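Order of writing sets the labels: A, B, C, D and E. Residues in every chain begin at 1.
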Amino acid sequence: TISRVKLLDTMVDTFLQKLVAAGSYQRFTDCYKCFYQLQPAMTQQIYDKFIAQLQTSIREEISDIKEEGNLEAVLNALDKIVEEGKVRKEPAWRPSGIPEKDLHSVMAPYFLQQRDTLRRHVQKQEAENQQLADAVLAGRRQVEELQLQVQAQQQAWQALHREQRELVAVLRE
Amino acid sequence: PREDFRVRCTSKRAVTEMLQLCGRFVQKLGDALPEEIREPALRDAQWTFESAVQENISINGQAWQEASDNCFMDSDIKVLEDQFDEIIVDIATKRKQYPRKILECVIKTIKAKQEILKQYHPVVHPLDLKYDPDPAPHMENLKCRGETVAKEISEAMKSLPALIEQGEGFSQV
Amino acid sequence: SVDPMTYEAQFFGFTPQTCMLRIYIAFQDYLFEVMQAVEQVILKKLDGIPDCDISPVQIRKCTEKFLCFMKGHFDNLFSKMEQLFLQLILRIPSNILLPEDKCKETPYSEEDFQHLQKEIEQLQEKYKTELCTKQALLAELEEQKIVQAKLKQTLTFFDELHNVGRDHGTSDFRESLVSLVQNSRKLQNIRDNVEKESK
Amino acid sequence: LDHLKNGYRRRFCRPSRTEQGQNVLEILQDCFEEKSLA
Amino acid sequence: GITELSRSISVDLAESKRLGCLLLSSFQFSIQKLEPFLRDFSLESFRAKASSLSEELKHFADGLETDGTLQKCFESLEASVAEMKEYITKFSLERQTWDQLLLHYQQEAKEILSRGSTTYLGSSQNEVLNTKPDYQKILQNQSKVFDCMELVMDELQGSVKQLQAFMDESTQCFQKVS
């Protein structure tokens, strides 16, 4: 659990530790002979300025790339996600080269909730239409049983027609 | 006819290298030759020599002039790796922020279809054409007529047996 | 081989290899910069010398030698350090999934998806029919009220007619008429019988 | 001067991965000191 | 007829030895090709060389046939370049699929979002909405029922006068008994 910035600084520091060691004073001397015979202290100063300005220059470079695009916050975010998720130990989902599969995978729930919303709505409307239609059927029963009574009393009044008939029959010689 | 009489070599580089090696023999042949023509005749001996080597050799069923060599320089690799990097960061950006914008569009059109579905609730189908009403101008007239006839036949039934009484009263003494 | 790191670059916004190349072309250029420094510094210091020159095309080739040594060791060290950089940093450990695609862990089959959207359109239209079905049922009932009230009105007229009949003497003219004819049938019968006697 | 290495292949021939491995300080010292002499 | 140098020799001795024999035969072909243009025996002093270093070419081909530099004619950067050139076209196709798949939902959202402004079949109660009786027919039925009522009423009120005439006639005839 080392912050990736610390591993970066350790890689730069060790890289320089092995460059200043590979760049030995003997290595800068046995080739720069011709100069080393005279003023063996001027050569030491030149090698010192060379190695110091080199290592400070490269450390300034990595310090400039850490502030390139807030790379410290990006690596801290990566450490966060690693610590936030280092519980699975299983290979995570890597995006398969099928865009429609991933897009349908993200779009699935927002379509499920729509399907079930319309389901509840259409079931409510279905029940309301059921009870309302039952009321319509009862109303039809009532209007028909009313028509039957209207016709019943109408014929009841048309019944005395025959009574008038044999009335006028016996009233004529 | 029967082809592939040429030596099958899976590499064009080795032929050029060993040919450049053995060129010093035909180059050494120019010693026993007049100096007036030795240079263009050694050029002609070289071109006809290695030309006779190439016309009678074939890489992989391919002629010397039509066969490519698998030797890639640094420029080709820089261009190809550049385009490759371009497509890696590009497809990465697509995978990252494309499902989010597509999700925005689909989540807009879903609640848009639900919103246009709610505004449909005023379906308002008129119906009820209906008919003309006949009130009670002659209804009360029919009731009064029934009153006149009712009381008229009541008084008729009251006064008729009195006429039967006068009738049977004159039938004896 | 040839790993594009399409997921490692999805989080960072650049391929790690390209970033390592920029770091390289930075470090190498810095090395040659300090070599220009030591070279021109030993050149300016060279003008002030007694004896003979021991310079200048001689003092430069030496810098080329030490530069070749530094390019060898620097190049190897940068290769190993870059392998370390691609191992411990700039790498998604495959143990971890980015929060950018959190929901794509559980796939959804395309048959269930096309089935689901088709069911969505079907239920949209189905609701659209149920709504106007409610409208038509409510309209037929509301209009049915009127015919029910009209039939009740005619029945009220018949009941009121039997009430106007119940008063004034004869409730229903069925037992009256059959009694009006009978008593009349006698009145004729006793009429003829009194016309044959009056002769 | 001005003579250098310029190609620097970006993605050519190198192995891959490491999980729980004794806190990677060891792998830091071990990735260095590999194969090279003066 | 330079191609005749190919079919000239040795099909059974593998391929490297045939390549060496091709080297010697090509050398002799160039040597014989240079002869037809000699101005100034000068011809006789030539073969003493041609045969000599042609034999040294024979021993040079026979010597380095064994070491390896000749048999290296017959046998990974190219592999990784191939895998890379396949990856780049696969990601090209996927990038196209992403662009089109995004524009599809963009213009779908704009189209549906700009579309709403600019009794059915298969109903649940479809049986009930189809068994609708004629109510206006019932109202007309009442309209004529009242007419039948009025005509029966007028028939009755006519029969009461048909009777009334006989009641007055009978009550007046029975009064004539005086």
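Just so we're on the same page, contacts are C-beta pairs under 8 Å (C-beta built on N, C-alpha and C of every residue); 3 or more make two chains touch, one makes a residue touch a chain.
By chain, UniProt protein names: A = Polyamine-modulated factor 1; C = Protein MIS12 homolog.
Distance from subunit C peaks, on a Cα-centroid basis, for D. A count of C-beta contacts for the chain pairs B-C and A-C puts A-C on top. In whole angstrom, the spacing between the mean C-alpha positions of subunit D and subunit E is 47. Distance between subunit A and subunit E, defined via averaged C-alpha coordinates, is recorded as 29 Å.
Mean C-alpha positions place subunit B and subunit E at a centre distance of 8 Å. Chain geometry summary: the mean Cα position of subunit A and that of subunit B are 23 Å apart.
Taken residue by residue, subunit E touches two or more other chains at 77, 80, 84, 87, 91, 94, 98, 101, 119, 123-125, 128, 135, 138-139, 142, 145-146, 149, 156, 163, 166, 170, whereas all remaining positions touch fewer. Shared contact sites, meaning residues of subunit A that touch two or more other chains, fall at 7, 11, 14, 18, 22, 27, 95, 99-100, 102-103, 106-107, 111, 114, 126, 129, 133, 136, 140, 143, 147, 150, 154, 157, 160, 164, 167, 171. Annotation for subunit C: residues 1-2, 4, 6-7, 13, 15, 17-18, 69, 73, 77, 81, 84, 88, 93, 95, 101, 124, 126-128, 130-133, 136-137, 140, 143-144, 146-147, 150-151, 154, 161, 173, 177, 180, 184, 187, 191 touch two or more other chains. Interchain contacts join each chain to each other chain, per the touch definition above. Every pair of chains meeting the touch criterion is listed here: A-B, A-C, A-D, A-E, B-C, B-D, B-E, C-D, C-E, D-E. Here subunit E touches subunit D in the complex through residues 76-77, 80, 84, going by the rule given at the top. Note for the complex: subunit C touches subunit B at residues 4-7, 9-10, 13-15, 17-18, 100-101, 124, 127-128, 131-132, 135-136, 139-140, 142-143, 146, 150, 157, 160-161, 164-165, 167-170, 173, 176-177, 179-180, 183-184, 186-187, 190-191, 193-194, 197.
Subunit C meets subunit E in the complex at residues 1-2, 4, 6, 126, 128-130, 132-133, 136-137, 140, 143-144, 146-147, 150-151, 154, 173, 180, 184, 187, 191.
For subunit A in complex with subunit E, the residues that touch the partner chain are 97, 99-100, 103, 126, 129-130, 133, 136-137, 140, 143-144, 147, 150-151, 154, 157-158, 160-161, 164, 167-168, 171.
On subunit E, the positions that touch subunit B within their shared complex are 2-3, 5-7, 15, 18-19, 22-23, 25-27, 29-31, 33-34, 37, 39-40, 42, 45-46, 48-50, 53-54, 56-57, 60-61, 64, 69-70, 72-75, 77-78, 81, 84-85, 87-88, 91-92, 94-95, 98-99, 101-102, 105-106, 108-109, 112-113, 115-116, 119, 135-136, 139-140, 142-143, 146, 149-150, 153, 156-157, 160, 163-164, 167, 170-171, 174, 177.
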